[PDB]
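In what follows, a single structure is set out as structure tokens and then discussed.
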Amino acid sequence: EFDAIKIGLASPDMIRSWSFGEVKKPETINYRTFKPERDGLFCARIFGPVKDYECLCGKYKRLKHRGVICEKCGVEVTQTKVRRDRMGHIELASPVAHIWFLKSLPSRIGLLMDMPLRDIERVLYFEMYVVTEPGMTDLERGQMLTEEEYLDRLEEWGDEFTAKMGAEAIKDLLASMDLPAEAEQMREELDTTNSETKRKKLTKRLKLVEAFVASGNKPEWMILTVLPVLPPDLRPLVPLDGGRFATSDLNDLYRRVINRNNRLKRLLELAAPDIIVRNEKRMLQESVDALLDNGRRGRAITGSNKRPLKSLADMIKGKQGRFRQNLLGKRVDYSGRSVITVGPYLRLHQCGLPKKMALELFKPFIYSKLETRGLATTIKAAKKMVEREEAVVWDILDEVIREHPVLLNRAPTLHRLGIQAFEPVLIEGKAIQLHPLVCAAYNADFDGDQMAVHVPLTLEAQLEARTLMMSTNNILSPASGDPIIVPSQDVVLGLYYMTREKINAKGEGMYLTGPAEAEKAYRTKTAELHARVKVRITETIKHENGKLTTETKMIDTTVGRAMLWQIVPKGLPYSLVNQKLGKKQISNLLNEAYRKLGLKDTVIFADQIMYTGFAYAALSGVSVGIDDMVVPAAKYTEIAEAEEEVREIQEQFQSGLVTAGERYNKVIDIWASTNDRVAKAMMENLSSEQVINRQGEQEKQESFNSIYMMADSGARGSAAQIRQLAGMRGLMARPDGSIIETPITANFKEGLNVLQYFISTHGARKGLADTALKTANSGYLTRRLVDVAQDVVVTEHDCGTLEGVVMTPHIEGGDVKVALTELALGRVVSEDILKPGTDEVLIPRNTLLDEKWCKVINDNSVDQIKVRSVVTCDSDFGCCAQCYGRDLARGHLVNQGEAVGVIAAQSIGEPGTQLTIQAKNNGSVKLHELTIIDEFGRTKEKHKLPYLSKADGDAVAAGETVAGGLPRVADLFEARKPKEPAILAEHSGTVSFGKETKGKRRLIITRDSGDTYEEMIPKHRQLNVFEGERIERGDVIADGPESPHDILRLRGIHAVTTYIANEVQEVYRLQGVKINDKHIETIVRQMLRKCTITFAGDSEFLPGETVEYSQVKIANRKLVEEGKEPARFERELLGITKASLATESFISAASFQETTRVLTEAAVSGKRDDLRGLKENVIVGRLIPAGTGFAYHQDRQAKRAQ
Amino acid sequence: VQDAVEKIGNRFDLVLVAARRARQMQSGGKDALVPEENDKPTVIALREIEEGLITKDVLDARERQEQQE
Amino acid sequence: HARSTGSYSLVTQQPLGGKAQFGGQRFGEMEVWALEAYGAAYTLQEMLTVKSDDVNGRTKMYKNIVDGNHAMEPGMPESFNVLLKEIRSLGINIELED
DNA sequence: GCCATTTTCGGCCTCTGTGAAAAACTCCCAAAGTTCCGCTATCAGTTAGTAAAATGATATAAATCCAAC
DNA sequence: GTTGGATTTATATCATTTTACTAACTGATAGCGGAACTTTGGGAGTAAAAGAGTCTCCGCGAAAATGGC
Ligand SMILES: [Mg+2]
Ligand SMILES: [Zn+2]
Ligand SMILES: [Zn+2]
């Protein structure tokens, strides 16, 4: 129907064209008949009939008289809905300036005729005069003339000059302007001037003027003469209950405007004194400003409820505005909500739906089937049977539900696994039964959480739910690729208890033919579940090439592992089960099952793991008791010794040997070592036991305590919680952050006294308050990230570029933090990977790194590899498949046309709630910086080189010495300059000293061309350079934190990309969160969209402005093919907030935030939004250019190419 | 739907083809190329795609044949 | 709580909110983000237009489902028309081109 | 280049219901509203009538067939 | 073997029942228009003199975009 949305200024002719009539009087409805009166705010002639196909006077009161206007009443007989589309207008007695065009800084009326806003507003509130037509006088345009000064001017000239006052004066000043010649005045003035402030103001005003000339808008339209009036149902006046009425504040604002305009017309008729007319015009301006944007021009007008009125702007903007409350998030039909319980009998693709919800949601489908099988003759009969809850309705429901997926959602939806499609199984009760294995994806636990239920209707929606949104297809985390269906809690406890080893158990040493024999033995109460036996295991290995090699050997194991081998699918080793299985071991089982078997085997295996774990956790009888917390006998002795030593240091403070701070920092260490020793003693006592073997000897065994098993299995619990259970609670922090000297020496088993409980509450309250504020901040950060990265879609398969990013293992000292295999898993190479010390092409170009090539790259020991990145992608819009690489949630290469930016934003923002020279390796050493390389090509250690046991190439053996996370992530993503930026060397050259002028220090750099560039340096800076030394570009001048801007300016794109990537990944990795670097790279690519032109070249760009980088690529490519000289640019780094408000489309920018200035700029410049993004297509209600809707848009583009 | 995505290659194109075939069966009245086994048109279309009888090219050729007729 | 079709709001022409009013669940910003991440263009279009505010669309979809078609002809959301009228009331010419 | 005042934001679901100040009378005239009555149009309800069509009953003509001579 | 009366088919005409289309009476009911009357709705007017506003509130912070020098 439509392809774009234009925005511009509304001329009075256009406003009159929109309107169906003129509103003249402020009356709304009659107080007796409750009927619209004539020419009022609800007039039936202007806006349309109140009742469908009727009229006010009742003369034409049926459909036969459509399109016929009554002579008695003037109302066109049509539907009532036309009242939500018909507009009106008010002919203002005097022109009124637009409030947005005047106080949306910068003012576009002040900056179009070169006059300050104080002067302009002095003219609008009718305080001074301004000359329009100087004529043949000494005055010029825009001169202030005070009232008395204007009397003198009238005395000595009189009729020669016109010096008007008010909005009319602004209107005819803008009338007298000639934009072409005035822009040429800019053009000739810019070259002559030298000051930077004047030049910047001049180019701002030139940009505005050129926008006016290009858009076709006239400055005359800047000031309103005809005021449009909104349709009445958009500002309804309706009877709530029993004669009480509900209205909208727009009615009050329009009533004020109409009343004051009528008063102005009456005053003009009566030839009133000038003061009264002037005051009336002032109130007309105030009322129109309050109608358009209340609370901006002055004090907000308040209603009878002592609350400010809501204007047009206040309801097109804000969180509670139209955009974010009704156009991006909508209440929907065919929806339900209920408490969630646990269904341990369900499968991954099944969810338990109550029959009441199924009956209410699937009602039209039930009607359809009842009519098609003829049980109900018509819809009324079908409704009667459905309401009566007849027997056959349930069979019809179980036939409609049979293969119809349903979408389950939980609030908040932090990532895309928060909405999933399931096949419904109909159940009694009122609670939704959820499969346990998906709870971790929902962050859902059954203490009262509720979930929402959505029924897709069209065939395309059902196919999308079954193919993309099924829980079976969603088993890998899109953030990292790790499985998300890993078992937890009861399953892990059961599998751990089943896979444990007990010494001298019943049936030890028996020989078993296989897993079935072991099951038979345990069911017959012959061999205990933890009895060591020898079992004949048949085992199939599925090699990387597809070889299926079967083998059969006798393995020493337990009965439990033999049974668990029954559910393990063929193709996996027995070494994956022949060990005690904690959370990590089961996660590895699922990971390897997915890697070597696929998805179907993995989902069946996950289900069977869940059932086996539940069954054996039930049969185990794990119970927590009061004798399970074994408090060590060494705790009391350690407390006594700590008290004695604290008293010793207490009688040593009076000796003056120590200070108060030293006493504090020594008592803290005394107690913080007593705590560690008590914890270690408790762990040693709790994790071991002494048993009697078959021979009769006393042998040490790992303990079977309930709390120890809970902690060691990884089900739920950790060492710190045990230490607070049976050891010492420890030192605590005061509400200011200080640590109380006397710790809590009692645990929860023996209880605390009053003071200890008070101190504990001091920290509990902080934890809760910080959780709440953390949730708020993480939500805001995720929203900003989505709004910056919403336009990144994989649009091509290959951009045909040669650039890439190098990657090496991450080293932060003498140990590896993360290997190259983890970094490069799933990234397409950029250049051929040569064998170390050889010209052999081990890995060719344009290959995707799976686990097979990861094993290859680990075995052949290569350190640095070049791979493609999203930041280096050359795609004009979005990215290409090869530069992104592997889709983490699918395991294969990224498909064409999926939103990778939204995935990146969700992956980065989801873990926000969780966010708070000795030599050891043999090898050689080298200088780069300092590196220590092992025997192979891997560089094991990396250390900085300050301004020396061994020289370069000297072999070194072991032991030979040479000698607020979330605020940080937000700070990095908004590119905030640090408090004390570290100065960098702008140009390569020799340092030379200048003159220490008053205030601060100066330096100079001498370039290779003889240029002397002056550098401003604060006095407190600890300079790290010496005169006579040639420093390189980007070298550190003063030590300190580095802003991303100067890294981008003086080092490059790759440098800033790496800087942001690892300085966000350090925050994530410190907390234990795994996020792939492609997401941060995508955000960085969106953060580097802008460039400033420096050389005009043969392009039309004027140097000194910001433009999008893709536009410059297109222009430069065209100019190169034409042969004319290209354009030269500088690439700029913008924060995730500025970049979003600087998008080409104004609808997305308006929907994000800062609506007033976005709309003002768009209207003044006359922009066109081509609807080429996710958010604009969501707002307008058409298919998004991503996923299933990608190809469709492509065809439209093809239809727009021809 | 692993077999379907293996035969097609792209999930979105598979969804498009399956939706078109399901609409043809539900509205036009085309018979299922595979045994129904009491299945909805969506699952029937997915099974037909997995078997290898229904692709985008096959649907386009069949539509061209119908238009010629 | 459960709902298929009930009462609608006066201005937004969107389903109500709350069990007491027999309202519908809210499909907020993050749900839209999740469907965009999945790639469900058609499910998103259906939840935006037919289920919420496309006045002719929801009636046509109900009739089609009763007939047994399970096909939709989506239209313009009503909230966008409200937005266009509100922007025009501020003296700003916003329009759709062909 | 640097203060210094404005402007702009601050997580998702679910319930929820608001009355709560504020001070004049008086006279004259025109139009809308209420009510009553009469005329007119419009239709249900019923009966009876007249010409014609439809249908059945009877009449008139042969086929042939079967029994008796 | 036969043949002629009779006992059935074959074709046509007549009578009875119903349909299709008139008019007249009956009885009501709604709708429109006019005359009179009561109610509502708008306007003008008031002659000690009376001759400068509210408005409670005012428990927000960090960052960035704007003038002014
Ligand atoms: Mg909970
Ligand atoms: Zn009328
Ligand atoms: Zn690329």
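Protein chains in written order, with PDB author numbering: chain D, 16 to 931, 950 to 961, 981 to 999, 1003 to 1018, 1136 to 1374; chain E, 6 to 74; chain C, 1243 to 1340.
Just so it is clear, CB atoms sit at the ideal spot from N, CA and C, and this is done for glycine as well.
The alpha helix (DSSP H) enclosing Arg28/E, as first and last residue numbers:
Within the second sequence, numbered from 1, the residue matching residue 28/E stands at position 23. That run of the alpha helix (DSSP H) goes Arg16 to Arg28.
Of the residues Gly1136/D, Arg1340/D and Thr1327/D, which one's Cα is nearest the Cα of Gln1243/D?
Counting from 1 along the first sequence, the entry for residue 1243/D is found at position 1071. Comparing Cα-Cα distances from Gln1243/D to each of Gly1136/D, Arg1340/D and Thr1327/D, the minimum goes to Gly1136/D.
Quick one: which residues of the region 1281-1311 of chain C get their C-beta closer than 7 angstroms to a C-beta of chain E? List them in chain order.
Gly1281 and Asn1311
Could you name each continuous alpha helix (DSSP H) segment of 4 residues or more that falls completely within the region 805-851 of chain D, going from the start of the chain to the end?
835-839
Can you list, in chain order, the stretches of the alpha helix (DSSP H) that have 4 or more residues and sit fully within the region 46-106 of chain D?
Whole alpha helix (DSSP H) segments, 4+ residues: 59-62.
Which value, in whole angstroms, describes the spacing of the CA atoms of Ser703/D and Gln716/D?
Here residue 703/D is taken as the residue at index 688 of the first sequence, counted from 1. Here residue 716/D is taken as the residue at index 701 of the first sequence, counted from 1. Roughly 6 angstroms between the two C-alpha positions.
Helix, strand or coil, according to DSSP, for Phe1165/D in the structure here?
Here residue 1165/D refers to the residue found at position 993 of the first sequence. Strand at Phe1165/D.
Name the DSSP bridge partner or partners of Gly351/D?
In the first sequence, the residue the question calls residue 351/D occupies position 336. According to DSSP, which records beta bridges pairwise, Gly351/D is partnered with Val468/D and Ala1244/C.
To the nearest whole angstrom, what separates the beta carbons of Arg346/D and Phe141/D, a pair I think is in contact under 8 angstroms?
What you label residue 346/D is simply residue 331 of the first sequence in a count that begins at 1. What you label residue 141/D is simply residue 126 of the first sequence in a count that begins at 1. Actually they are not in contact, since the Cβ atoms of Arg346/D and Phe141/D sit about 48 angstroms apart, beyond 8 angstroms.
Hey, which unbroken runs of the alpha helix (DSSP H) at 4 residues or more fall wholly within the region 600-644 of chain D?
Uninterrupted alpha helix (DSSP H) stretches at least 4 residues long and entirely within the region 600-644 of chain D occur at 615-635, given in chain order.
Using a Cβ-Cβ cut-off of less than 7 angstroms, list which residues of the region 888-910 of chain D approach chain E; keep chain order.
Taking 7 angstroms as the cut-off between beta carbons, the residues of the region 888-910 of chain D near chain E are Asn910, in sequence order.
Is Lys66/D near ligand 2, going by C-beta to nearest heavy atom under 8 angstroms?
Counting from 1 along the first sequence, the entry for residue 66/D is found at position 51. Result no, Cβ not under 8 angstroms from ligand 2.
List the DSSP bridge partners of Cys895/D.
Locating residue 895/D in the first sequence gives position 880, counting from the first residue. Its beta-bridge partners are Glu811/D.
May I ask you to list the residues that DSSP assigns as paired with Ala261/D?
Locating residue 261/D in the first sequence gives position 246, counting from the first residue. DSSP lists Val253/D as partners of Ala261/D.
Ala19/D: first and last residue of the uninterrupted beta strand (DSSP E) it sits in
Taking the first residue of the first sequence as position 1, residue 19/D is located at position 4. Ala19 to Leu24 is the extent of the beta strand (DSSP E) around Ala19/D.
Shorter than 8 angstroms, the distance from the beta carbon of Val90/D to the closest heavy atom of ligand 2, or not?
Along the first sequence, one-based indexing puts residue 90/D at 75. Yes, the Cβ of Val90/D comes within 8 angstroms of a heavy atom of ligand 2.
From the DSSP output, in three-state form, read off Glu765/D for me.
Along the first sequence, one-based indexing puts residue 765/D at 750. In this structure, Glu765/D counts as coil in the three-state DSSP scheme.
Check whether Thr564/D and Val550/D have beta carbons under 9 angstroms apart
Taking the first residue of the first sequence as 1, we reach residue 564/D at position 549. Taking the first residue of the first sequence as 1, we reach residue 550/D at position 535. No. Outside cutoff.
Mind pulling the beta strand (DSSP E) runs of 3 or more residues that sit fully within the region 199-250 of chain D?
238-244
Listed by chain order, which residues have C-beta atoms less than 5 angstroms from any heavy atom of ligand 3?
Those residues are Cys814/D, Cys888/D, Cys895/D and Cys898/D, given in chain order.
Give the interface partners of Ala66/E over in chain D, defined as CB-CB distance under 8 angstroms, in chain order.
If you number the second sequence from 1, residue 66/E lands on position 61. Per Cβ cutoff of 8 angstroms: no residues; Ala66/E is ~19 angstroms from chain D at best.
Spatial neighbours of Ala455/D in its chain, beta-carbon cut-off 8 angstroms, leaving aside the 5 residues before and after:
Against the first sequence, residue 455/D aligns to sequence position 440. Same-chain partners within the cutoff: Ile499, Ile500, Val501 and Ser503.
CB contact below 9 angstroms: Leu491/D versus chain C
Within the first sequence, residue 491/D is the residue found at index 476, counting from 1. Chain C contact via Cβ: absent.
Taking only heavy atoms of ligand 1 into account, decide whether any of them is closer than 8 angstroms to the Cβ of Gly463/D.
Along the first sequence, read from residue 1 onward, the residue named residue 463/D stands at position 448. Under cutoff, so the answer is yes.
Per-residue contacts from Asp44/E into chain D (C-beta, under 9 angstroms):
Taking the first residue of the second sequence as position 1, residue 44/E is located at position 39. Per Cβ cutoff of 9 angstroms: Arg417 and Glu418.
Determine, for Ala24/E, whether the minimum Cβ-Cβ distance to residues of chain C falls below 9 angstroms.
The residue given as residue 24/E occupies position 19 in the second sequence. With its beta carbon less than 9 angstroms from one in chain C, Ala24/E belongs to the interface.
Entirely enclosed alpha helix (DSSP H) segments - the region 293-347 of chain D, minimum 4 residues
At a cut-off of 4 residues, the continuous stretches assigned as alpha helix (DSSP H) that sit fully inside the region 293-347 of chain D are 327-331.
Output yes or no for whether 9 angstroms exceeds the beta carbon distance between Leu441/D and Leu412/D.
The sequence position of residue 441/D within the first sequence is 426, counting from 1. The sequence position of residue 412/D within the first sequence is 397, counting from 1. Taking C-beta atoms as the reference points, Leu441/D and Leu412/D count as a pair closer than 9 angstroms.
Which runs of the beta strand (DSSP E), 3 residues or longer, sit entirely within the region 107-193 of chain D?
144-148 and 177-179
What are the boundary residues of the beta strand (DSSP E) that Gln716/D is part of?
As a first step, residue 716/D is located in the first sequence; it is residue number 701 there, counting from the start. From DSSP, the beta strand (DSSP E) with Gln716/D extends over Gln713 to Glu717.
Which residue's Cα is closest to the Cα of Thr48/D: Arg60/D, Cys72/D and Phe62/D?
Along the first sequence, read from residue 1 onward, the residue named residue 48/D stands at position 33. When each option's Cα is compared against that of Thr48/D, the closest is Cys72/D.
Starting from residue 1099/D, find everything on chain E with Cβ-Cβ shorter than 8 angstroms and list it in chain order.
Missing from the coordinates is residue 1099/D; the shown part of chain D jumps over it, going from 1018 to 1136.
Using a beta-carbon distance below 9 angstroms, is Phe1267/D in contact with chain E?
Along the first sequence, one-based indexing puts residue 1267/D at 1095. No, no contact with chain E.
Taking 8 angstroms as the cut-off, is the CB of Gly73/D close to at least one heavy atom of ligand 2?
In the first sequence, counting from the first residue as 1, residue 73/D sits at position 58. Because some heavy atom of ligand 2 lies under 8 angstroms away, the Cβ of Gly73/D counts as near it: yes.
Less than 8 angstroms separating the Cβ of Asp256/D from some heavy atom of ligand 4?
No copy of ligand 4 occurs in the structure displayed; its ligands are ligand 1, ligand 2 and ligand 3 alone.
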